[PDB]
Amino acid sequence: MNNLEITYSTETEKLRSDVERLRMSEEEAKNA
Amino acid sequence: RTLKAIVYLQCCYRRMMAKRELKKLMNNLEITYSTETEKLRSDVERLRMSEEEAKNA
Amino acid sequence: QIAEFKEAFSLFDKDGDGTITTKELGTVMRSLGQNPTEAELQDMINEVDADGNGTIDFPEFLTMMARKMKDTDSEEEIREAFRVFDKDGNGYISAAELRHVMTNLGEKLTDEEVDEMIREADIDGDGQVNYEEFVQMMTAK
Amino acid sequence: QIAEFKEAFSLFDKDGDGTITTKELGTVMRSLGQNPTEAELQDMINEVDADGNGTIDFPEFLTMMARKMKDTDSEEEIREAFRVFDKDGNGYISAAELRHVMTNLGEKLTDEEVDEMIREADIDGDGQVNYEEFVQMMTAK
Amino acid sequence: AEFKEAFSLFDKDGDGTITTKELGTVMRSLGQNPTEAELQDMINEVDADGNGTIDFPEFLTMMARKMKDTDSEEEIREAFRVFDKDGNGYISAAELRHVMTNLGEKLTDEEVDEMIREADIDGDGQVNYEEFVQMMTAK
Amino acid sequence: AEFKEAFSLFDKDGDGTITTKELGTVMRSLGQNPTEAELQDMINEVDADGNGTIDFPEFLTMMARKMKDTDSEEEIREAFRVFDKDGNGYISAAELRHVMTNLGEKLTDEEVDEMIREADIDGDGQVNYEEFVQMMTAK
């Protein structure tokens, strides 16, 4: 239970905001 | 606005029905983290290399 | 809690085996209180022990309730219903119109399910139903 | 199967609540039969139905066993043990040497765990133990 | 895109037929966007002259006859104007009401008022039409 | 690389001390690869002359004094010869036994025989030494 669910939940956000970091970095790099 | 409100009510109806009936008579989550933790290790080295490329650019 | 829900389970048990047929899993959940579908029930059957079981004990069920509590409690949120038929906004619908929406639309109820339901439901001499009162009665619990 | 394990669970329950403290999850698994670590028990306490739970029911536990099964079963493969201390190949080790290896090395047992163990273990008048017999007794099940 | 289930939700009586004036709504419950004109032309090109109601077979035969026009109404995913040429990305609420209630198959002012509820309007008096078209459709 | 736990597996008596002749094995249980020579030099440069046993503090002071040599023995991850110059990638089992049992800190023929168990040998009589070095170390 209920003590792991909380942290995998936070981790799923981490590779969501970071893909929007890498995509914008790719876009910036491609404009460069 | 209609049919989905109809179906949700029918669910509740069915469940009030049997509400009368009963007054007469661990392994498999581990496997997700262990893959995922590798992924944001792998793409941390991707945006760092992209940062390095962008800095050289 | 568990005392009303045990006396409940005891009365579902017919045979007195301590176990109830897996088919009557939905019918017990309803009768603690909860409002789930028929689909939710089949989705919570896909656990290797219950999927293989012919009958379920009161422990087994108590666990099924624990592991799906969040989904199960979601179903007792609703108090409001739809209506269609009243376009003029009288506040009332005929018994014919009520039967039509229940038996011909959505998850289609039987006539016998509707006839069981109209035994509790205030119907005037005209043959009409205040649908605001009727929604309050069906959600009253 | 489930009858011996249920009587088992019933006797772990002290209070008679139907549920046993989550700390005593390891102690029950052992006592169906299985040989797992303490670590396997805490890597198994990482679901979203036992690590918020202060207690566990017999169905929760049965559900737990079903999903781990393979891993849990793996632990009842071993019949052979290590020894160190006999270099001359007598087939025997002292009780002192046995206590040292259990309490000082590896996962470190307590003296009280060793003293509980020596109650079932043939020890001669000399104070020595046939370690081939002793491995057979500890794996006998 | 024929659907018997959708027809059974229009048929509320279990007669098997639905009114000929619910033909436009049945198409736009199926998927299909046909114009009010296109709806009249499809009825008029059948001798459904005296027909008060339509059965599912009749409705099936009309959609098969008119499949090409009717399919075209569900191709479009984007929607340019031709009411900005400057390319500001903005249109006045006055011009937006005028196109809706004065051009084409005119909306009522009450329908337009509903669509400008919760739609931001600046101090010039202009609305982002790209957001407004997305907010209308993507719902 | 000091480790009190590793010392506590060598101390089997709980005296606190281990024999001075188990000094090489304790280093090579910790991580460290020191030569048998290097092991003698480190003991000889302390007046552990009459010392029959070593405590964990004494062993700690030796590793700190000799850290630089001892660390060097765990840098190496690869291992060229100098017994192939042709660059065939192969060495005879005869030359491989000779280097092991006749050069340097000589291995016994029984140790070498153990290392050539399950090691493929062609019809020339030669072994892939790159695979043989990997198969010895990567275990």
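Residues numbered from 1 in each chain as written, not as in the entry; some residues may be left out. Chains lettered and ligands numbered in written order. Part of a larger assembly, values for the part shown. Heavy atoms only, no water.

The deposited coordinates, according to the entry record, derive from electron crystallography at 24.0 Å resolution.

> For this particular structure, what's the right way to read the overall build of chain E?
Along the backbone of chain E there are eight helices and four strands. The secondary structure elements of chain E, listed N-terminal to C-terminal, are α-β-α-α-β-α-α-β-α-α-β-α. Here the C-alpha radius of gyration of chain E, 19 Å, is well above what a compact globule of 139 residues would show, namely 14 Å. Dimensions along the principal axes, computed over C-alpha positions, put chain E at roughly 55 × 30 × 25 Å. Within chain E, residue pairs in contact and separated by at least 24 positions form 53% of the contacts whose partners lie at least 6 positions apart. As presented, chain E carries roughly 9300 Å² of accessible surface, and 51% of it is formed by carbon and sulfur atoms. Within chain E, one finds 14 positive and 35 negative side-chain charges whose respective centroids are separated by 2 Å. (Helix = DSSP H or I, 4+ residues; strand = E, 2+ residues; numbered from the N terminus. Rg over C-alpha atoms; globule rule 2.2 N^0.38 Å. Contact = heavy atoms within 4.5 Å. Areas by Shrake-Rupley, 256 points an atom, 1.4 Å probe, with all protein chains shown as cover. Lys, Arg positive; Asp, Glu negative; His and termini not counted. Charge placed at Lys NZ, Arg CZ, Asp CG, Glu CD.)

> It is not clear to me how the packing of aromatic side chains should be interpreted in this structure. Could you clarify?
Think of a pair of aromatic rings as described by two things: how far the centres are apart, and how the planes are tilted against each other in angle. Summed over the entire model, instances satisfying the criterion amount to 13 aromatic pairs over all chains. Every member of this aromatic cluster is reached through a ring pair, and the members are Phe5(C), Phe9(C), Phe58(C) and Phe61(C). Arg83(C) extends its terminal NZ or CZ atom over the ring of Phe82(C), reaching a point 6.0 Å from the ring centre. Of note, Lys6(D) hangs over the ring of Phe58(D), and the distance from its end group to the ring centre comes to 5.5 Å. (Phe/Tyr/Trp six-rings, centres within 6.5 Å; stacked < 30°, edge-to-face > 60°. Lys NZ or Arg CZ within 6 Å of the ring centre and 35° of its normal.)

> It is not clear to me how the side chain of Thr63(C) should be interpreted in this structure. Could you clarify?
Residue position: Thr63(C) is located in helix α5 (residues 58-67). Residue classification places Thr63(C) among the buried residues on the basis of a relative accessible area of 4%. (Buried < 20%, exposed > 50% of the residue type's maximum accessible area, 1.4 Å probe, protein only.)

> Looking at this model, I keep getting lost on the UniProt feature "binding site: Ca(2+) 2" in chain E. Mind explaining?
Residue and element names in this part refer to chain E. As recorded in UniProt, the sites labelled "binding site: Ca(2+) 2" are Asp-47, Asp-49, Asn-51, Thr-53 and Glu-58. As for its placement among the helices and strands, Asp-49 is situated in the loop between α3 (36-44) and β2 (53-55). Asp-49 gets classed as exposed once you look at its relative accessible area, which sits at 77%. Structurally, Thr-53 can be placed in strand β2. Relative accessible area serves as the criterion here: at 36%, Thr-53 is assigned to the partly exposed category. Not counting the four nearest positions on each side in its chain, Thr-53 is found in contact with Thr-17, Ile-18, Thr-19 and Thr-20. (UniProt positions renumbered as here; feature names shortened; annotations may be inferred.)

> Please clarify how the interface of chain F and chain D should be interpreted in this entry.
Size of an interface: often given as the accessible area lost when the parts come together. Counting residues at the interface gives six residues for chain F, matched by five residues for chain D. Note on chain F versus chain D: buried area summed over both sides is about 400 Å², and carbon and sulfur give 46% of it. On the chain F side of the interface with chain D, the three residues burying the most area are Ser8(F), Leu9(F) and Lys12(F), jointly 76% of the side's total. Linking chain F with chain D are one salt bridge, by the criterion used here. Ionic pairing is found between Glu5(F) and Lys108(D), a salt bridge with its closest N-O pair at 2.7 Å. The class makeup of the residues in the side of chain F that touches chain D is one nonpolar, one polar and four charged. (Buried area = accessible area lost by both parts, 1.4 Å probe. Salt bridge = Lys/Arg side-chain N within 4 Å of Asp/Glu carboxyl O. Nonpolar A, V, L, I, M, F, W, Y, C, P; charged D, E, K, R; others polar.)

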